Amino acid sequence: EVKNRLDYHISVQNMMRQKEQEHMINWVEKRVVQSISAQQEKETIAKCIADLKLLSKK
Amino acid sequence: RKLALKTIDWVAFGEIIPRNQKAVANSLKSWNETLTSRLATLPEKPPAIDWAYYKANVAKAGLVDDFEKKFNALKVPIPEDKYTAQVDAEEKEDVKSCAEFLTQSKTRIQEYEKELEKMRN
């Protein structure tokens, strides 16, 4: 009779950590997804690594 | 609880019955076996639960705590019976065996043997 008590609490908190993951995942992905291009330097850091590919690949 | 004993005087039990209940004995005999095997395997004694960790991961600890205390203090009583005049109807039917039979029978046997010399002859 006790365990049933406890397991209900656990299971909510467990599920809440996953729901916070799903909602945080959607929200963080919906938050951070915008001004990427406004950093043109995120294609510079691509150009970065891409000149360090096309150099550092040969 | 219930440290149980096993079959005592099983030779006497099964082999000799009251005629007027002879059927019953079979039924009671087999019933006993049921009780025996079942209890032997499972006694009712659980653990007492690891709250400490559980509180960590039942973050609803206030729940854990409150329920916890009430459980730990809690007591389940000795569950109820339905036979305890039987306990007594024993000695009464036991009188019938012995005294009732002891005396009456004892007299019969005494005379028979007392005769036996003459007729043994």
# chains A, B, ... in the order shown; residues from 1 in each chain; ligands from 1
$ interface_residues --of "chain A" --to "chain B" --cutoff "9 Å" --atoms "only C-alpha atoms" --output "list in words"
residues 2, 3, 5, 6, 7, 8, 9, 10, 11, 12, 13 and 14 of chain A
$ write_last_selection --atoms "N, CA and C atoms" --output "CSV table (one decimal), in the first residue's frame"
chain,number,residue,atom,x,y,z
A,2,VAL,N,2.0,1.2,0.7
A,2,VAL,CA,2.9,2.3,0.7
A,2,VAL,C,3.5,2.6,-0.7
A,3,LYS,N,4.0,1.6,-1.3
A,3,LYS,CA,4.8,1.8,-2.5
A,3,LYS,C,4.0,2.5,-3.6
A,5,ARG,N,1.8,4.7,-3.3
A,5,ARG,CA,1.9,6.0,-2.9
A,5,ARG,C,3.1,6.8,-3.5
A,6,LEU,N,4.2,6.2,-3.2
A,6,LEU,CA,5.5,6.8,-3.6
A,6,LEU,C,5.7,6.8,-5.1
A,7,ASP,N,5.3,5.7,-5.8
A,7,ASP,CA,5.6,5.5,-7.2
A,7,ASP,C,4.8,6.5,-8.0
A,8,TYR,N,3.6,6.9,-7.6
A,8,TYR,CA,2.9,7.9,-8.2
A,8,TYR,C,3.6,9.2,-8.3
A,9,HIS,N,4.3,9.6,-7.2
A,9,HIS,CA,5.1,10.8,-7.2
A,9,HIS,C,6.3,10.8,-8.0
A,10,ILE,N,7.0,9.7,-8.0
A,10,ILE,CA,8.2,9.5,-8.8
A,10,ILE,C,7.8,9.6,-10.2
A,11,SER,N,6.7,8.9,-10.6
A,11,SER,CA,6.4,8.8,-12.0
A,11,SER,C,6.0,10.1,-12.6
A,12,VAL,N,5.4,10.9,-11.8
A,12,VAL,CA,5.1,12.3,-12.3
A,12,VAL,C,6.3,13.1,-12.5
A,13,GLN,N,7.2,13.1,-11.6
A,13,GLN,CA,8.5,13.8,-11.7
A,13,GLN,C,9.3,13.3,-12.8
A,14,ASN,N,9.4,12.0,-13.0
A,14,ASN,CA,10.1,11.4,-14.1
A,14,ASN,C,9.5,11.9,-15.4
$ select_by_dssp --residues "chain A" --states "alpha helix (DSSP H)" --output "number ranges by chain"
A: 2-31, 41-54
$ write_last_selection --atoms "N, CA and C atoms" --output "CSV table (one decimal), in the first residue's frame"
chain,number,residue,atom,x,y,z
A,2,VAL,N,2.0,1.2,0.7
A,2,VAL,CA,2.9,2.3,0.7
A,2,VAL,C,3.5,2.6,-0.7
A,3,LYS,N,4.0,1.6,-1.3
A,3,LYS,CA,4.8,1.8,-2.5
A,3,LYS,C,4.0,2.5,-3.6
A,4,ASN,N,2.7,2.2,-3.7
A,4,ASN,CA,1.9,2.8,-4.7
A,4,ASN,C,1.8,4.3,-4.6
A,5,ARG,N,1.8,4.7,-3.3
A,5,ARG,CA,1.9,6.0,-2.9
A,5,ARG,C,3.1,6.8,-3.5
A,6,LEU,N,4.2,6.2,-3.2
A,6,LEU,CA,5.5,6.8,-3.6
A,6,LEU,C,5.7,6.8,-5.1
A,7,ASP,N,5.3,5.7,-5.8
A,7,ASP,CA,5.6,5.5,-7.2
A,7,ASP,C,4.8,6.5,-8.0
A,8,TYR,N,3.6,6.9,-7.6
A,8,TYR,CA,2.9,7.9,-8.2
A,8,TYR,C,3.6,9.2,-8.3
A,9,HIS,N,4.3,9.6,-7.2
A,9,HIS,CA,5.1,10.8,-7.2
A,9,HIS,C,6.3,10.8,-8.0
A,10,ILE,N,7.0,9.7,-8.0
A,10,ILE,CA,8.2,9.5,-8.8
A,10,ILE,C,7.8,9.6,-10.2
A,11,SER,N,6.7,8.9,-10.6
A,11,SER,CA,6.4,8.8,-12.0
A,11,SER,C,6.0,10.1,-12.6
A,12,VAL,N,5.4,10.9,-11.8
A,12,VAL,CA,5.1,12.3,-12.3
A,12,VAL,C,6.3,13.1,-12.5
A,13,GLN,N,7.2,13.1,-11.6
A,13,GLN,CA,8.5,13.8,-11.7
A,13,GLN,C,9.3,13.3,-12.8
A,14,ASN,N,9.4,12.0,-13.0
A,14,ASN,CA,10.1,11.4,-14.1
A,14,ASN,C,9.5,11.9,-15.4
A,15,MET,N,8.2,11.8,-15.6
A,15,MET,CA,7.5,12.2,-16.7
A,15,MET,C,7.6,13.7,-16.9
A,16,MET,N,7.6,14.5,-15.8
A,16,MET,CA,7.7,15.9,-15.9
A,16,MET,C,9.2,16.3,-16.4
A,17,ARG,N,10.2,15.5,-16.0
A,17,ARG,CA,11.5,15.8,-16.6
A,17,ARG,C,11.5,15.6,-18.1
A,18,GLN,N,10.8,14.6,-18.6
A,18,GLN,CA,10.6,14.3,-20.1
A,18,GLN,C,9.7,15.3,-20.7
A,19,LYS,N,8.7,15.8,-20.0
A,19,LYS,CA,7.8,16.8,-20.6
A,19,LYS,C,8.5,18.1,-20.7
A,20,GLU,N,9.4,18.3,-19.8
A,20,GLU,CA,10.2,19.6,-19.7
A,20,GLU,C,11.2,19.5,-20.8
A,21,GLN,N,11.7,18.3,-21.0
A,21,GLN,CA,12.5,18.0,-22.2
A,21,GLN,C,11.7,18.3,-23.5
A,22,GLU,N,10.6,17.7,-23.7
A,22,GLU,CA,9.8,17.9,-25.0
A,22,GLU,C,9.4,19.4,-25.2
A,23,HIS,N,9.0,20.0,-24.1
A,23,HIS,CA,8.5,21.4,-24.2
A,23,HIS,C,9.7,22.4,-24.3
A,24,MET,N,10.7,22.2,-23.5
A,24,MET,CA,12.0,22.9,-23.6
A,24,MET,C,12.6,22.6,-24.9
A,25,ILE,N,12.6,21.4,-25.5
A,25,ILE,CA,13.1,21.0,-26.8
A,25,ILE,C,12.4,21.8,-27.9
A,26,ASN,N,11.1,21.8,-27.9
A,26,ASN,CA,10.3,22.6,-28.8
A,26,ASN,C,10.6,24.1,-28.6
A,27,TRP,N,10.7,24.5,-27.3
A,27,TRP,CA,10.8,26.0,-27.0
A,27,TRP,C,12.1,26.5,-27.3
A,28,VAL,N,13.2,25.8,-26.9
A,28,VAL,CA,14.6,26.2,-27.2
A,28,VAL,C,14.8,26.1,-28.7
A,29,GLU,N,14.3,25.1,-29.4
A,29,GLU,CA,14.3,25.1,-30.8
A,29,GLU,C,13.5,26.2,-31.4
A,30,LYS,N,12.4,26.6,-30.8
A,30,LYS,CA,11.5,27.7,-31.3
A,30,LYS,C,12.1,29.1,-30.9
A,31,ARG,N,12.8,29.2,-29.9
A,31,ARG,CA,13.5,30.4,-29.4
A,31,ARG,C,14.7,30.6,-30.2
A,41,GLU,N,28.6,35.3,-39.5
A,41,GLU,CA,29.8,34.7,-39.0
A,41,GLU,C,29.6,33.3,-38.5
A,42,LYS,N,28.4,32.8,-38.6
A,42,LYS,CA,28.1,31.4,-38.5
A,42,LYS,C,28.2,30.6,-39.9
A,43,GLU,N,28.3,31.4,-40.9
A,43,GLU,CA,28.8,30.9,-42.2
A,43,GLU,C,30.2,31.4,-42.5
A,44,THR,N,30.7,32.3,-41.7
A,44,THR,CA,32.2,32.6,-41.6
A,44,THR,C,32.8,31.5,-40.8
A,45,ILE,N,32.3,31.0,-39.7
A,45,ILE,CA,32.8,29.9,-39.0
A,45,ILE,C,32.7,28.5,-39.8
A,46,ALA,N,31.7,28.5,-40.7
A,46,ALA,CA,31.7,27.5,-41.7
A,46,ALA,C,32.7,27.7,-42.8
A,47,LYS,N,32.8,28.9,-43.3
A,47,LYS,CA,33.9,29.3,-44.2
A,47,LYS,C,35.2,28.9,-43.5
A,48,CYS,N,35.3,29.1,-42.2
A,48,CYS,CA,36.4,28.8,-41.2
A,48,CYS,C,36.9,27.4,-41.3
A,49,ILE,N,35.9,26.7,-40.8
A,49,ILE,CA,36.2,25.3,-40.9
A,49,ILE,C,36.2,24.8,-42.3
A,50,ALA,N,35.6,25.4,-43.3
A,50,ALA,CA,35.6,25.0,-44.7
A,50,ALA,C,36.9,25.3,-45.5
A,51,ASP,N,37.6,26.4,-45.1
A,51,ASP,CA,38.9,26.6,-45.5
A,51,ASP,C,39.9,25.7,-44.7
A,52,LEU,N,39.6,25.4,-43.5
A,52,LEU,CA,40.3,24.4,-42.8
A,52,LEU,C,39.8,23.0,-43.1
A,53,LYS,N,38.9,22.8,-44.1
A,53,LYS,CA,38.6,21.5,-44.7
A,53,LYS,C,39.3,21.4,-46.0
A,54,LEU,N,38.9,22.3,-46.9
A,54,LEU,CA,39.6,22.4,-48.1
A,54,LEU,C,41.2,22.6,-48.0
$ residues_around --residues "residue 25 (chain B)" --least-positions-apart "6" --cutoff "12 Å" --atoms "only C-alpha atoms" --output "PyMOL selection string"
chain B and resi 13-19+31-32
$ atom_distance --atom1 "CA of residue 99 (chain B)" --atom2 "CA of residue 111 (chain B)"
17.9 Å
$ atom_distance --atom1 "CA of residue 84 (chain B)" --atom2 "CA of residue 29 (chain B)"
19.4 Å
$ atom_distance --atom1 "CA of residue 77 (chain B)" --atom2 "CA of residue 30 (chain B)"
28.9 Å
$ closest_residue --among "B:85, B:95, B:116, B:5" --to "residue 40 (chain B)" --atoms "only C-alpha atoms"
B:5
